[PDB]
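One-letter residues, chain by chain:
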Amino acid sequence: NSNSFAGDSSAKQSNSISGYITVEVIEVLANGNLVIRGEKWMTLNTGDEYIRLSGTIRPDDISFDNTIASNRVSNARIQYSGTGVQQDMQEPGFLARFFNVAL
Amino acid sequence: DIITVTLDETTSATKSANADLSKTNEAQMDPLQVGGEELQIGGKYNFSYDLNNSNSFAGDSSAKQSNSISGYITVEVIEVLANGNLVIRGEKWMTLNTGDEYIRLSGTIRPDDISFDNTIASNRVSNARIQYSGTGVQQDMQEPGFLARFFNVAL
Amino acid sequence: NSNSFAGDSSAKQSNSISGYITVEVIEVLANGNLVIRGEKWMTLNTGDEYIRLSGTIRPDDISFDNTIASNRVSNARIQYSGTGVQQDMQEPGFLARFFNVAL
Amino acid sequence: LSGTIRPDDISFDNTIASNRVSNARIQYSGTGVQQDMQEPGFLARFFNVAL
Amino acid sequence: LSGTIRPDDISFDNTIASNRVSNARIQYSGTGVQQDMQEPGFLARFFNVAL
Amino acid sequence: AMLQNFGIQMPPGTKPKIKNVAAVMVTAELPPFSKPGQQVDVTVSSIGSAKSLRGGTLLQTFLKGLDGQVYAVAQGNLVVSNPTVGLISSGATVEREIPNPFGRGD
Amino acid sequence: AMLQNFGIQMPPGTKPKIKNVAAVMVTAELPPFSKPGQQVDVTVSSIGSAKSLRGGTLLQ
Amino acid sequence: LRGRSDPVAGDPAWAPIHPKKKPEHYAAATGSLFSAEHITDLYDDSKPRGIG
Amino acid sequence: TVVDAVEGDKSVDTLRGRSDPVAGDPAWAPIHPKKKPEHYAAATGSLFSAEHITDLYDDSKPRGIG
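What counts, and at which threshold
- Residues numbered from 1 in each chain as written, not as in the entry; some residues may be left out.
- Chains lettered and ligands numbered in written order.
- Part of a larger assembly, values for the part shown.
- Heavy atoms only, no water.
- Contact = heavy atoms within 4.5 Å.
- Buried area = accessible area lost by both parts, 1.4 Å probe.
- Salt bridge = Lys/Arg side-chain N within 4 Å of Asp/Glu carboxyl O.
- Polar contact = N/O pair within 3.5 Å; in protein donor to acceptor, adjacent residues only side chain to side chain.
- Helix = DSSP H or I, 4+ residues; strand = E, 2+ residues; numbered from the N terminus.
- Nonpolar A, V, L, I, M, F, W, Y, C, P; charged D, E, K, R; others polar.
- Buried < 20%, exposed > 50% of the residue type's maximum accessible area, 1.4 Å probe, protein only.
- 1 Å grid on protein atoms, 1.4 Å probe; cavity = no way out; pocket = protein on both sides within 12 Å on 5 of 7 lines; lining within 4 Å.
- Points joined across faces, edges and corners; volume = space filled by probe spheres on them.
- Pairing = 2+ DSSP bridges.
- Axes fitted to C-alpha atoms, helices over the stretch in contact; angles between N-to-C directions.
- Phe/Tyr/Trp six-rings, centres within 6.5 Å; stacked < 30°, edge-to-face > 60°.
- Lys NZ or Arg CZ within 6 Å of the ring centre and 35° of its normal.
- Patch = residues over 30% accessible without salt bridge, like charges linked within 9 Å, V, L, I, M, F, W, Y side chains within 5 Å.
- Areas by Shrake-Rupley, 256 points an atom, 1.4 Å probe, with all protein chains shown as cover.

- For this deposited structure, the header cites cryo-EM as the method used and 3.22 Å as the resolution.

- The name that the PDB entry assigns to chain I is FlgH, with the source organism given as Vibrio alginolyticus.
- Here the PDB entry's recorded title is "Cryo-EM structure of the polar flagellar motor-hook complex".

- As annotated in the PDB entry, chain G carries the name FlgI and is attributed to Vibrio alginolyticus.

Listed below in structure tokens is the structure:
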């Protein structure tokens, strides 16, 4: 006789963003926390890119030069993307989406 | 109240087991010859024999599992317990180019474990629920679908 | 004549786990021992893994940083596993189980 | 593990060696299909007890 | 293990050597199908006692 | 630990470098029929390596009975003559009563 | 061990560096018909290497 | 077809127990702020000693 | 019913020839120590109880059930 079995699974995920974004306070909470929100648009040659950030921060986390790290932002929503025909090349479309969801 | 969580998790587990059994026999005797002739028992039986056995077994099993997450997540206190422990909860969404990823953390922490810079390690969070995943067509590529799931659960 | 015999048997087993798990006291015993219990879930990309620990500990074994080794836990129940299609790949199924129990 | 020990053999950190345990019963094993692979079964057991 | 010992031979850590045990009976063995592989059985025993 | 009780928590491994604080053992004798609100003497003796307890002030300490319960709280100013043992004339305030069999029986 | 009985537990291997504490053996003779609540004399003798017990206080 | 039942996150058999709330002292009965269930020792290490 | 909702129902061996152990067997479960009786200090006027006193200098070796 000879019986044998082997089974494995794996997964991996990572991301990173680097840059700057200047926002403004849109609401002050009861404990003094500041709800922040802002957007930033850049058109370099062709195509518009935007950065959008919203969240809540502590005034205690704001450094001396009026700068706060992005990992100190509570309820963070960070969006860095493009727009137009430049962004059309980043998505496969219906044809590949159906094939990817079926197989 | 805003509390920053340092995601630093690393778990690793291995197990192994195996067994062996073996047995052999080898007994051989040439026909006995006494007085120049071959001795006979009964009418047709010699003084000879030949035995040869060989049994063998081997069986093993193994398993292994590990994971790790690294990053930051800032949450807020949603409830204060009777002993002063803080129930925390929060989410964090990032859209980089295409596709949205989220980090979600909930749990209960001690104020004594919050360091001087208002940061607490993720292994200090009781009843921790950490979720780091994607969304959309990006996440569709990470799962096999019905076809492979049926084949994997049948075999 | 020539007779010969040889027979041997062997076995081996080992395991290890490394990580952290934070639990809570669910009961205090008469001598001051603490019955502990807790679970921890992590979804990294796809599939959920859990760690579960229960047992009884001495307050004398709790170190200065409120941490206790896992080998100091009496009646320990440690479970580290997955869930879903990821865990389906780790088991052979009925077909190989019958062959393994028959041979 | 079960057995009988002397309090004199318990070290300062509340730990005692396993060779100091009287009437010791130590069992380290598995369970389930993992343990099924460690035993030969009836077929090889009969062959091993006959030869 | 069974036997008879002198209290004078018990060292400071409550340990005594096995060669100091009078009427010693030391048995170290297995049990079950593992021990079945250690013995030849009737077939080889008869051949070994006849030749 | 006492500083944590007031909202100041030093990072782990920080050496306080304190020179005006000494760890002591506080002992009080509870007279019979002691009622809550009364004051009793306490003897304060140093258990570490402090050279003198003269001029010190005993911080809030809970005095436990033989059953492990707190029956008094001790504070006050030490009066030392042996410079490592001092006395306080009303250091401990009684906070709990101990029952008595005086009124029972014939 | 006494400090653990009060809620202060030093990490293992920590040297207290105590200089005002001495280990002693306490002996008392219980007179006949001794009733609970009575007080008797005790003799306190040092068993370690303390130079003097003068001015000390015997703990429980 | 699996032969196993996967655990669910949030099972009450493994969920934490929130500690019972201590009763109020009612200092007006004794004239003192001392309560045996509410006092905090300044020098204790704060080991786990109760549910939660 | 006899099944608890929180814990749940805790309730080919012929081809195996062995019976696997179950986790939580009462034959191997720990024994919770008996609770000591209250002292009732009102009988003697003292907080001393032979079953409740704690020696300050003992090493606290295991000495009882649990």
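There is more to say after this.
**A word on the interface of chain C and chain B**
Often, the extent of an interface is quoted as the loss of accessible area on bringing the components together.
Thinking step 1. At the interface, 44 residues of chain C touch 48 residues of chain B.
Thinking step 2. When the two sides are added together, the surface that chain C and chain B hide from each other amounts to roughly 3,900 Å², 43% of it contributed by carbon and sulfur.
Thinking step 3. Notably, a salt bridge pairs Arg129(B) with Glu39(C), separated by 3.0 Å at the nearest N-O pair.
Thinking step 4. Applying the counting rule to chain C against chain B returns 27 residue pairs in polar contact.
Thinking step 5. The set of elements that each furnish at least two residues to the side of chain C that touches chain B consists of β1 (2–18), β3 (34–44), β4 (48–57), β5 (74–81) and α1 (85–88) of chain C.
Thinking step 6. When its residues are assigned to classes, the side of chain C that touches chain B shows 15 nonpolar, 21 polar and eight charged.

**Description of the pattern of salt bridges**
Thinking step 1. Tallying each qualifying case throughout the model produces 32 salt bridges over all chains.
Thinking step 2. The salt bridge involving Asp88(C) is made with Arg2(H); its shortest N-O contact spans 3.2 Å.
Thinking step 3. Classification of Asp88(C) by relative accessible area gives buried; the value is 7%.
Thinking step 4. A salt bridge links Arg20(D) to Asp13(E), with the nearest nitrogen and oxygen atoms 3.5 Å apart. Linking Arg20(D) in the loop between β1 (2–4) and β2 (22–25) with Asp13(E) in the loop between β1 (2–4) and β2 (22–25), this pair reaches from one chain into another.
Thinking step 5. The partly exposed category is assigned to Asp13(E), whose relative accessible area is 43%.
Thinking step 6. Members of the salt-bridge network, linked through shared partners, are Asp88(C), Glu91(C), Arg2(H), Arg4(H) and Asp6(H).

**Here's the deal with the layout of surface pockets**
Residues and elements named next belong to chain A.
Thinking step 1. Taken as a whole, the second largest pocket encloses approximately 640 Å³ of empty space.
Thinking step 2. Taken together, 23 residues form the lining of the second largest pocket, with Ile-21, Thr-22, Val-23, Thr-67 and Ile-68 sitting closest to its centre.
Thinking step 3. Elements with a contribution of two residues or more to the lining of the second largest pocket: β1 (24–28), β2 (34–43), β3 (48–57) and β4 (74–81).

**Here's the deal with the sheet that holds strand β1 (residues 24–28) of chain F**
Residue and element names in this part refer to chain F.
Thinking step 1. The antiparallel open sheet is built from five strands, whose spatial order is β1-β2-β5-β4-β3. Single-partner strands in this sheet number two, and they are β1 and β3 (57–64). Across the sheet, the mean angle from the axis of one strand to that of its neighbour is 30°, orientation sign disregarded.
Thinking step 2. Alignment of β3 against strand β4 (residues 70–77), held across six bridges, turns out to be antiparallel.

**Topic: the arrangement of the chains**
Thinking step 1. The protein chains that touch form 20 pairs of chains, and the pair with the most contacts between them is chains B and C.
Thinking step 2. No interface is formed between chain A and chain D, the nearest pair of C-alpha atoms being 9 Å apart.
Thinking step 3. The two units chain B and chain G never meet; even their closest C-alpha atoms stay 17 Å apart.

**Structural notes on empty space enclosed by the protein**
Thinking step 1. If you add up the space inside the largest cavity, you get close to 90 Å³.
Thinking step 2. Here the lining of the largest cavity is built from residues that sort into four nonpolar, two polar and five charged.
Thinking step 3. Approximately 30 Å³ is the volume attributed to the second largest cavity.
Thinking step 4. As for the second largest cavity, its lining consists of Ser126(B), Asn127(B), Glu24(C), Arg37(C), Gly38(C), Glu39(C), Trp14(H) and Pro16(H).
Thinking step 5. Elements with a minimum of two residues in the lining of the second largest cavity: β8 (126–133) of chain B together with β3 of chain C.

**Quick look at the packing of aromatic side chains**
Thinking step 1. The tally for this structure, following the rule as stated, stands at 15 aromatic pairs over all chains.
Thinking step 2. Their ring planes at 55° and their centres at 6.1 Å tell us that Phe150(B) and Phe151(B) sit as a pair that is tilted.
Thinking step 3. Given a relative accessible area of 54%, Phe151(B) falls into the exposed group.
Thinking step 4. The interplanar angle of 25° and the centroid separation of 6.4 Å between the aromatic rings of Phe42(E) and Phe46(E) together place this pair among those described as stacked. Highlighted residues: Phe42(E) and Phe46(E), both in helix α2 (residues 42–50), separated by four residues, approximately one helical turn.
Thinking step 5. For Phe42(E), a relative accessible area of 63% translates into the label exposed.
Thinking step 6. Look at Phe46(E) and you get partly exposed, because its relative accessible area is 46%.
Thinking step 7. Connected via pairs of aromatic rings, a cluster forms that spans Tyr49(B), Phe42(E), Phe46(E) and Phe47(E).
Thinking step 8. The aromatic ring of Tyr50(A) is capped on one face by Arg52(A), whose charged end is 5.0 Å from the ring centroid.

**What to know about the interface of chain D and chain B**
Thinking step 1. Counting residues at the interface gives eight residues for chain D, matched by 13 residues for chain B.
Thinking step 2. Here chain D meets chain B over a buried area of about 900 Å², counting both sides, of which 52% is carbon and sulfur.
Thinking step 3. Of all residues in chain D, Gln38(D), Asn48(D) and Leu51(D) bury the most surface against chain B, accounting for 63% of the area lost on that side.
Thinking step 4. Here chain D and chain B share zero salt bridges between them.

**Quick word on the pairing of β4(F)**
Residues in a regular strand project their side chains so that they alternate between the two faces of the sheet.
All names here are of chain F.
Thinking step 1. Here β3 folds back onto β4, and the loop between the two strands holds five residues, one of which, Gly-68, carries a positive phi near 90°.
Thinking step 2. Judged from the three bridges that link them, β4 and strand β5 (residues 85–94) form a sheet pairing that is antiparallel. Counterpart to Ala-74 in the pairing with β5 is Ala-92.

**Focus: the side chain of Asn33(A)**
Thinking step 1. Mapped onto the secondary structure, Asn33(A) falls in the loop between β1 and β2.
Thinking step 2. Aside from chain neighbours lying at most four places away, what touches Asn33(A) is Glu27(A), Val28(A), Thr56(A), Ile57(A), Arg58(A), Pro59(A) and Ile2(B).

**So, unusual backbone geometry**
Thinking step 1. A positive phi is found at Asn75(C), a non-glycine position, where the angle reads about 55°.
Thinking step 2. With respect to the helices, strands and loops of the structure, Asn75(C) is situated in strand β5.
Thinking step 3. A positive phi angle is found at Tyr40(I), which is not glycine, with a value near 60°.
Thinking step 4. Along the polypeptide, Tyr40(I) turns up in the segment after α1 (13–16).

**Side note on a nonpolar patch on the surface**
Thinking step 1. A contiguous nonpolar surface patch, about 760 Å² in accessible area, is contributed by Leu155(B), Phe94(C), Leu95(C), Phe98(C), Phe99(C), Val12(I) and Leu15(I).
Thinking step 2. In terms of residue count, helix α2 (residues 94–102) of chain C provides more of the nonpolar patch than any other element does, four residues in total.
Thinking step 3. Among the residues examined, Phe94(C) registers a relative accessible area of 64% and is labelled exposed.

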